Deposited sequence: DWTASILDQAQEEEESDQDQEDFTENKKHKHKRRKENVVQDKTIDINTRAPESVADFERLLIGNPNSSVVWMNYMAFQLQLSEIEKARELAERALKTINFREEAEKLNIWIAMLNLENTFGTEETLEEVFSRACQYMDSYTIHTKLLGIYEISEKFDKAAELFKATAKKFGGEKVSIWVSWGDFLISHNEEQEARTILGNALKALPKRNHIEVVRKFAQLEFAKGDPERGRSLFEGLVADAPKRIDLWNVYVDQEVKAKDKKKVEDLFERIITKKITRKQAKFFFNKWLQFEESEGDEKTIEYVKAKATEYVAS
């Protein structure tokens, strides 16, 4: 099952050495066999042998199987994090960035630190990863904001969103703010998400997809009066007839999930007389 989690982070059963070496005869490119073989050795606390197996996998798996290679590198990161030392993990990490996509490897160690609840080490790696890649990747900011909101550091999250804006190209500013806003609804302060969305539609009033994401968040949170205020703001905006049907349909359909047939008629009435205009 140790390999089930490696496969997760990457996005007649064999019971002996001879069994695995026999499996590896016909399946040299299978990272799953190699990881199971590593887990077998790890369950017997045979750490050096597990490490040697990973080295073999790196040389034995066909060089074009980058996905199988990634699994091994993640398996080594996990192995070193759990059974090795700071220095032993650092070497594997630096080596893995050499051979695979460095940002991806950075992302995987972050996920590993979180899983093993080395929160302090996650926070330091976030800072370093955002310094190296933050000018290019919005995901590092979102993931770092996620971390901070999950550890009840709202104000630090605002600071990080500020630094994300200074570092990212202007063309990504709406996206990073939009994902911090969704993060606040999901894990943090919805009032803070509301404020972020307000600023987005304040600056890009014609970005009608933003009005949509915004009302999806308000619906998912189920404050029906804020959902209704938002729906009625939206239809007094620069939208096409095609889009107007969509928002009225979504409005109606939400009220059908609220059991208020007085307002569900209100929408039909007001929807149909919108088409009038």
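**Student:** From the N-terminus onward, what segments of the deposited sequence lack any C-alpha atom in this model?
**Tutor:** One region goes unmodelled: 12-48.
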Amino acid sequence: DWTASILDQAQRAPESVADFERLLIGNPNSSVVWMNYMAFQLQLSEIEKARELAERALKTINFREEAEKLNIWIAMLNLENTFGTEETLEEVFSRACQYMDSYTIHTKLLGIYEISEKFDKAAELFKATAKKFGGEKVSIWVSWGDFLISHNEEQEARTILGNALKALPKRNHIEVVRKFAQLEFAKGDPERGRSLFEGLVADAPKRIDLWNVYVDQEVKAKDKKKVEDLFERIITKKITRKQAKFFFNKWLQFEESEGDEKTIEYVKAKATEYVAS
From here on, numbers count along this sequence of modelled residues.
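**Student:** Mind pulling up the entry and telling me whether 219-227 or 206-214 has the higher mean Cα temperature factor?
**Tutor:** The deposited B-factors put 219-227 ahead on the C-alpha mean.
**Student:** Look up the CA B-factors in the entry and say which stretch, 31-39 or 233-241, has the higher mean.
**Tutor:** Per the PDB entry, the higher value belongs to 233-241.
**Student:** I'd like to know which of 58, 67, 252, 50 has the highest C-alpha temperature factor in the PDB entry.
**Tutor:** Largest recorded C-alpha B-factor: 252.
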